[PDB]
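Residue-level listing of the chains:
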Amino acid sequence: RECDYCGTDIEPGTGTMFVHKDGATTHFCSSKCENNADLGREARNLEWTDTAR
Amino acid sequence: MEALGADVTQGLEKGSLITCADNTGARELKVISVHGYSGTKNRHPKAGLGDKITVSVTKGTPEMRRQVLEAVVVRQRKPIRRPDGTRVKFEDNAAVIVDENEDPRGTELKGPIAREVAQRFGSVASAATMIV
Amino acid sequence: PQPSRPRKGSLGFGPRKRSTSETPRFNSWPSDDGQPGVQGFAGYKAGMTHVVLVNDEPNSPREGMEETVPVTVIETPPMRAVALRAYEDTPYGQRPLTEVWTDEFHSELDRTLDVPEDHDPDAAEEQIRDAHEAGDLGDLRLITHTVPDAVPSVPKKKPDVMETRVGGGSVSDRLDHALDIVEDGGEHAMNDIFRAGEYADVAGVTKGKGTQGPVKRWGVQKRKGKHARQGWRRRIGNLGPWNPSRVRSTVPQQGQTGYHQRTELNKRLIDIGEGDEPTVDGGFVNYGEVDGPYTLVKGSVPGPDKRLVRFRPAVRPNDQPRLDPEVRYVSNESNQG
RNA sequence: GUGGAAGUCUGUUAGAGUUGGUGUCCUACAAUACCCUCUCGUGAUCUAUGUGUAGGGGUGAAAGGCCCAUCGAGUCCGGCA
RNA sequence: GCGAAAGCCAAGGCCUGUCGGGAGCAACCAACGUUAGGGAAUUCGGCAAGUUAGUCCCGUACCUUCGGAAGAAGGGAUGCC
RNA sequence: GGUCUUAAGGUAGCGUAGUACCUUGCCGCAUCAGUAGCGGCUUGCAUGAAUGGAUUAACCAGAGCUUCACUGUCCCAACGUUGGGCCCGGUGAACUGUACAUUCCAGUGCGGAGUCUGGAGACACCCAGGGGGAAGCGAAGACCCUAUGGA
RNA sequence: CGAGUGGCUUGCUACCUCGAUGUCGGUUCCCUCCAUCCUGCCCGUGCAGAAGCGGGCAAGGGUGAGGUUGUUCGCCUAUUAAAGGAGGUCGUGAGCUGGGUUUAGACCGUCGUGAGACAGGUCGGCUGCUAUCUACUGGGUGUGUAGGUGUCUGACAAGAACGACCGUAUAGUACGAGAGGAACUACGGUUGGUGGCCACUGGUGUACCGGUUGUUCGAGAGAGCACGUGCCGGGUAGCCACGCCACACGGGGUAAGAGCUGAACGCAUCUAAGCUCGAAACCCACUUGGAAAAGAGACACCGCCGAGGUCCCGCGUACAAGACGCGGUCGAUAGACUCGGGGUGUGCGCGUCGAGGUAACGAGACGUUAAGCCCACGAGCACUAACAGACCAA
Ligand SMILES: [Cl-]
Ligand SMILES: [Cl-]
Ligand SMILES: [Mg+2]
Ligand SMILES: [Mg+2]
Ligand SMILES: [Mg+2]
Ligand SMILES: [Mg+2]
Ligand SMILES: [Mg+2]
Ligand SMILES: [Mg+2]
Ligand SMILES: [Mg+2]
Ligand SMILES: [Mg+2]
Ligand SMILES: [Mg+2]
Ligand SMILES: [Mg+2]
Ligand SMILES: [Mg+2]
Ligand SMILES: [Mg+2]
Ligand SMILES: [Mg+2]
Ligand SMILES: [Mg+2]
Ligand SMILES: [Mg+2]
Ligand SMILES: [Mg+2]
Ligand SMILES: [Mg+2]
Ligand SMILES: [Mg+2]
Ligand SMILES: [Mg+2]
Ligand SMILES: [Mg+2]
Ligand SMILES: [Mg+2]
Ligand SMILES: [Mg+2]
Ligand SMILES: [Mg+2]
Ligand SMILES: [Mg+2]
Ligand SMILES: [Mg+2]
Ligand SMILES: [Mg+2]
Ligand SMILES: [Mg+2]
Ligand SMILES: [Mg+2]
Ligand SMILES: [Mg+2]
Ligand SMILES: [Mg+2]
Ligand code: NA
Ligand code: NA
Ligand code: NA
Ligand code: NA
Ligand code: NA
Ligand code: NA
Ligand code: NA
Ligand code: NA
Ligand code: NA
Ligand code: NA
Ligand code: NA
Ligand code: NA
Ligand code: NA
Ligand code: NA
Ligand code: NA
Ligand code: NA
Ligand code: NA
Ligand code: NA
Ligand code: NA
Ligand code: NA
Ligand code: NA
């Protein structure tokens, strides 16, 4: 699997899946990304993110 | 009851206010008790995903308000672990009113539902829109 | 009314004092069923990681599916039975009769023992067989030790010595079996005793935490509400009633917590291999890099990294063995981060 | 709009007070203290110095409060062993 | 900055609110920071702690001795160049 | 009862009151559940007109209650920060002490014993702890009664 | 109607304490009793089943959460296998709390001429002490057994280390007209308790990195202070629970009870002698401690002029002193350096762009730059430091 946030590969037997109000699903490979997302930031604008890279 | 096929960290207690994910006319539910649960001195009875809890209607249509009904926890904010080690959490805490036979009192279920809830309450499941 | 409530903490692991030996001593052994064999082995704790397995349980609605399982990595290099100890039955229990030693010793066994320079193996053997003829021969065990030098991440070279029992078919047969192992050089491995999928009992001296309060040590509550601001936060209500006018030892008080022996039951051996397939990236924190004989124990194992841990075929298993579980993935992701 | 009234408001301005923490202290730093919190803060206001009222008497927006750590009748010595 | 406010800094003063050395420095205590999910279930009681907050614009109920209630409530804005 | 004591015989109001014994009065509101709170009723053990009654805007570190918000008050505790605590040099008290004293279980005794009796346990010294017991320490009991006591 | 047991209530008595044995309720923590609320095994039934009712053995475990009230009690709600009662100075204030009872202030009702009273109500109204002895939890130093190292034994000691529930198959079956509706057994899970552990999730993380407000160092750069981080964002190790792992069965003897053989009493009889079974209870099993067990243990090897140990040095798998464990050049024990692995999130400077502005000036954007900064971890590596050396010992 790939993190729906930064885009790096999520290590099997690791991560959290957030289920949105509407029903949508977002797999995070870490708290770091979850938290950066909750800050309203977009992975594309963060230079450390593979997405952005 | 039947194995949920997932480990849960009760994210609710007696007295917690949650969302009524159905069209029964009840918007807000207050947890009163947790089926088949006995606690320990000082511990607040706890409930989570897949538990059948007794509830009272806090908000909604006048006829539904103050009524003490039965219900099934369909979503919680606290995470739950699936066989493959991943955690899963939702955007809110919600339950669906049910009857003696555990058939949803309503006609429609609002929002998504955890798959695990299926392996326990079929009719509730076969009434779901989205099942994550 | 005062609602009921279980007492705080088990009274079955006391006195909660520091452990006499950092090396665990089993006080029980498996029964004499199968063929003759040594009933245990030892290794050194390294750290933890997870592995993905194929549901092996025939009764699980998930049998055959992927499944993530935690695992403790333990370095289990070969050990060496350096002698065969014989016990005789007497009106006062068992007592050591004699011992049969060898001549081939590991270069650094003398860091612990006054290695034998003159021993009569045969005479001992004789004495043992006579005892057996007379029918006073009690169980048979082998004095064993490890080779820390074989494990780099572990500072110590001084080997740890422990006696392990040998259960086998007939006394005569396993006696011989014992002598054979010893005579060689006593060198044996995890493979010779355990097979992946079997349940073993893991003993070990837990991580030490020094002196601790009741709350952490026995799990008593903390003062609540207003009581928490008066001057008391982590001390119990009282040491007891007026009468008996003494303090009972059953009341939770402060003391040494940690560094106690514990024999954790029914631990499944997920896999016994060798190499660096289980090592994590960056190295096992505060331990090092694994690359050699290893065992993967499902779940946790008492003790801190580097501590000696012992294995024994489970004495009271609940499930039947389900050999060689399919391991589809072993995480090597760094434990840092 | 001007004017700028008030036993008026906010306010750790200075100053005055002392509600809760039943906190800290309780052979104290202290025979009434420390901290946070809190009340008043242009008025029946607070305050220095000077001055008047003396013991069954003063003084008292009154609690039997206060009159030099002494008050339902100060303190000292005497009656008094 | 509204300010004799905070906070920071001059001038001036001080290192004398006058015993020190050592242990990642344990239990326990005093002051205190942060705690997921729940949110007063705690308790005699929300005690303690917390929330809110400055300024401008919009807007403001019952009641009323017409003074008031009222900063009611509620909504929005707020930097730098 | 359809007058009598002793002059009159409770009016407007307010009322289960900070006054109501019976009492958690009855009904309602509110809550899952409310000896609470508020409203109505009210025969008021034993309300009531300057011994002032009713009522009331504003004010209040005054008493009771409900809601939103908030949160380690709680579920149920964790980690951390500073000063102690612990070890070392220096300084250096007090409380308290009939004697003896390593005690525990029972018994007995002026009926609440480390010291009697019977048993049981018990090698000596020291460090740290939290305070079960010494009916622990502190104060010739404020309560009660007594005194041909005091004010 | 009669005979009792208990010592929880109430009353009675006035033995003990008035040079004081701190109150009620609550809390917290520990032990116990059985007259048993649930759970195990049973008997009877007005026992078809299912659900009950009553009774026997039995104290292993459990007996919870909330609304009014200071309340105990109790009333009420929803859960529950059940939400049992009682003793320990009505256990527990040198532990807490202080709402109530019961000080000084005050109000109301009643009573009183009045001071003032109330077995009436109400608002406010303080919690002292540095542990000598003893007790227990944990930690050391000595002596005894009578040189050292390593490994054991096991008298005895502790445990609840496990208690309970739901679901599936059995089975819509036995039973029953039907409605309804079991079991043995085998499985999956939950709960409460217990011990341990941190790969995973989560908390912390005043290590660290970044953003940013005020002010000071002239600006810049880089910094200090704003309580022991100014605030905000992220967060490694470690420590943790809200996270994860593990915690039987089965034998042996019994109770209540079901029976066998069997006599006194030719029969009968589960009992008198004998025997077979049979409880969550008892014993073992399993876990923990345990040579100071005075019968003070056993074995193997080393040593008595030398085995081994202490001090020393570098450190922790240990740790409040002490203890413990490891390494000491025949070396990777700690540091430096370099890698690996990690945290932040793109450095200074310079170049280009930039709303504009004559210009000065210019917030900010892009590039150089996964940059710069940082690490309580790992590896490589004898470069530095584990040197020198002292002592005890049959
Ligand atoms: Cl409940
Ligand atoms: Cl408490
Ligand atoms: Mg409670
Ligand atoms: Mg206090
Ligand atoms: Mg990690
Ligand atoms: Mg990660
Ligand atoms: Mg004023
Ligand atoms: Mg003011
Ligand atoms: Mg004057
Ligand atoms: Mg008075
Ligand atoms: Mg004087
Ligand atoms: Mg929280
Ligand atoms: Mg409450
Ligand atoms: Mg409560
Ligand atoms: Mg407050
Ligand atoms: Mg009323
Ligand atoms: Mg007296
Ligand atoms: Mg009196
Ligand atoms: Mg008089
Ligand atoms: Mg006392
Ligand atoms: Mg009985
Ligand atoms: Mg018991
Ligand atoms: Mg008592
Ligand atoms: Mg009690
Ligand atoms: Mg006291
Ligand atoms: Mg006490
Ligand atoms: Mg004290
Ligand atoms: Mg009071
Ligand atoms: Mg009161
Ligand atoms: Mg009062
Ligand atoms: Mg002697
Ligand atoms: Mg600072
Ligand atoms: Na305090
Ligand atoms: Na205190
Ligand atoms: Na007492
Ligand atoms: Na005018
Ligand atoms: Na004050
Ligand atoms: Na006088
Ligand atoms: Na005189
Ligand atoms: Na000085
Ligand atoms: Na009157
Ligand atoms: Na006032
Ligand atoms: Na806190
Ligand atoms: Na004591
Ligand atoms: Na006395
Ligand atoms: Na009490
Ligand atoms: Na029991
Ligand atoms: Na109650
Ligand atoms: Na008492
Ligand atoms: Na007290
Ligand atoms: Na008390
Ligand atoms: Na049995
Ligand atoms: Na001995």
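An account of the accompanying structure is given in this report. Sequence-order numbering is used: residues on each chain count from 1 as written, possibly diverging from the entry numbering, and only residues with coordinates are shown. Naming scheme: in the order in which they are written, chains are lettered from A and ligands are numbered from 1. Any value you read here covers just the chains shown, which are one part of a larger assembly. Only heavy atoms go into the side-chain values, all of them from the structure, while hydrogens and water stay out.

**Some points on the overall build of chain B**
Then, number 1: Numbered from the N terminus, helices here are DSSP runs of H or I no shorter than four residues, and strands are runs of E no shorter than two. Looking only at helices and strands, one finds 1 helix and 12 strands in chain B.
Then, number 2: Along chain B, from the amino end to the carboxyl end, the secondary structure elements read β-β-β-β-β-β-β-β-β-β-β-α-β.
Then, number 3: At 14 Å, chain B has a C-alpha radius of gyration in line with the 14 Å of a compact globule built from 132 residues.
Then, number 4: Along the first, second and third principal axes, the C-alpha atoms of chain B reach 45 × 40 × 25 Å.
Then, number 5: A burial count over chain B gives 45% of its 132 residues as buried.
Then, number 6: When the accessible area of chain B is evaluated, it comes to approximately 6700 Å², of which 42% is carbon and sulfur surface. Both definitions apply: the radius of gyration is a C-alpha atom measure, and the globule rule equals 2.2 Å times residues to the power 0.38. When a residue's accessible area, from a 1.4 Å probe over protein chains only, is under 20% of the maximum for its type it is buried; when over 50% it is exposed; and in between it is partly exposed. With residues, only the protein chains shown are counted as cover, and all accessible areas are computed by Shrake-Rupley using a 1.4 Å probe.

**What about the protein's contact with RNA strand G?**
Then, number 1: Looking at RNA strand G, there are 164 residues lining it, with B:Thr9, B:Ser33, C:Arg5, C:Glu264 and C:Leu265 nearest.
Then, number 2: Looking at RNA strand G alone, sugar and phosphate atoms form 78% of those within 4 Å of the protein.
Then, number 3: Two N or O atoms count as a polar contact when they lie within 3.5 Å, although within protein this holds only if one can serve as hydrogen donor and the other as acceptor, and sequence-adjacent residues are included solely when both atoms are side-chain atoms. At 2.3 Å, a side-chain N or O of B:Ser33 approaches a sugar or linking oxygen of RNA strand G.
Then, number 4: Side-chain polar atom of C:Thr250 to a sugar or linking oxygen of RNA strand G: 3.0 Å apart, as the coordinates give it.
Then, number 5: Element by element, the count of residues in the surface near RNA strand G is highest for strand β5 (residues 93-101) of chain C, at 8 residues.
Then, number 6: Among the residues forming the surface near RNA strand G, the class breakdown is 45 nonpolar, 65 polar and 54 charged. Proximity criterion: a residue is near a molecule or strand once any of its heavy atoms comes within 4 Å of it. Residues are sorted three ways: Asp, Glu, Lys and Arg are charged, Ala, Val, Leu, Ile, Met, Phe, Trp, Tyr, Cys and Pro are nonpolar, and all the rest, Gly among them, are polar.

**Some thoughts on the sheet that holds strand β2 (residues 25-28) of chain A**
Then, number 1: When DSSP finds two or more bridges between two strands, those strands count as paired. Taken together, the 5 strands give an open sheet; going across it, the order is β2(A)-β1(A)-β9(B)-β8(B)-β1(B), and neighbouring strands pair in mixed fashion. With one partner strand each, in any of the chains shown, β2 of chain A together with β1 (7-8) of chain B form the two edges of the open sheet.

**Comments concerning the protein's contact with RNA strand E**
Then, number 1: Not every one of the 19 residues close to RNA strand E is listed here, only the nearest: B:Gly11, C:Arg229, C:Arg233, C:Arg234 and C:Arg235.
Then, number 2: Taken together, the sugar and phosphate atoms account for 74% of what RNA strand E places within 4 Å of the protein.
Then, number 3: Within the side chain of B:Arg77, an N or O atom sits 2.9 Å from a phosphate oxygen of RNA strand E.
Then, number 4: Between a phosphate oxygen of RNA strand E and a side-chain N or O atom of B:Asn93, the distance comes to 2.9 Å.

**Regarding the state of the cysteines**
All names here are of chain A.
Then, number 1: Disulfides are defined as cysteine sulfur pairs within 2.5 Å. If you walk through the whole model with that rule in mind, you get 0 disulfides over all chains.
Then, number 2: Sulfur of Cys 6: no disulfide; nearest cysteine sulfur belongs to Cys 29 and is 5.5 Å away.
Then, number 3: Note on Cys 6: relative accessible area 5%, which makes it buried.
Then, number 4: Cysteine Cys 33 remains unbridged, with the sulfur of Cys 29 as its closest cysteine sulfur at 4.8 Å.
Then, number 5: You can call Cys 33 buried: its relative accessible area is 3%.

**Considerations on the pattern of salt bridges**
Two side chains that carry opposite charge are able to pair once their charged atoms sit near each other.
Then, number 1: Put simply, a salt bridge is a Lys or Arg side-chain nitrogen that is within 4 Å of an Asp or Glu carboxyl oxygen. Tallied over the full model, the rule gives 26 salt bridges over all chains.
Then, number 2: We note a salt bridge from B:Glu102 to B:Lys52, for which the minimum N-O separation is 3.1 Å. Taken as a pair, B:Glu102 in the loop between β10 (94-98) and β11 (112-113) and B:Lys52 in strand β6 (residues 52-60) lie far apart in primary sequence, 50 residues in all.
Then, number 3: We classify B:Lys52 as buried; its relative accessible area is 12%.
Then, number 4: Each of C:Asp32, C:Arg85, C:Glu99, C:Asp139, C:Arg141, C:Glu163, C:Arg165 and C:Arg174 takes part in salt bridges that share partners, so that together they form one network.

**A short note on the interface of chain B and chain A**
Then, number 1: Listed per partner, the contact involves 14 residues of chain B and 13 residues of chain A.
Then, number 2: The quantity reported as buried area is the accessible area (1.4 Å probe) lost by two parts once they are put together, taken as the sum for both. Together chain B and chain A conceal approximately 1000 Å² of surface at their shared face, both sides included; 63% is due to carbon and sulfur atoms.
Then, number 3: Broken down residue by residue, the surface that chain B buries against chain A is led by B:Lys89, B:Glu91 and B:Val132, which jointly contribute 44%.
Then, number 4: Here chain B and chain A share 1 salt bridge between them.
Then, number 5: Across the pair A:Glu34 and B:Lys89 runs a salt bridge, and its minimum N-O distance is 3.4 Å.
Then, number 6: Between chain B and chain A we count 6 residue pairs in polar contact in total.
Then, number 7: Tallied by class, residues from the side of chain B that touches chain A come to 5 nonpolar, 3 polar and 6 charged.
Then, number 8: Looking at chain direction, strand β1 (residues 16-19) of chain A and strand β9 (residues 87-90) of chain B are connected through 4 bridges and run parallel. Working rule for contacts: check all heavy atoms of both residues, and any pair within 4.5 Å makes them a contact.

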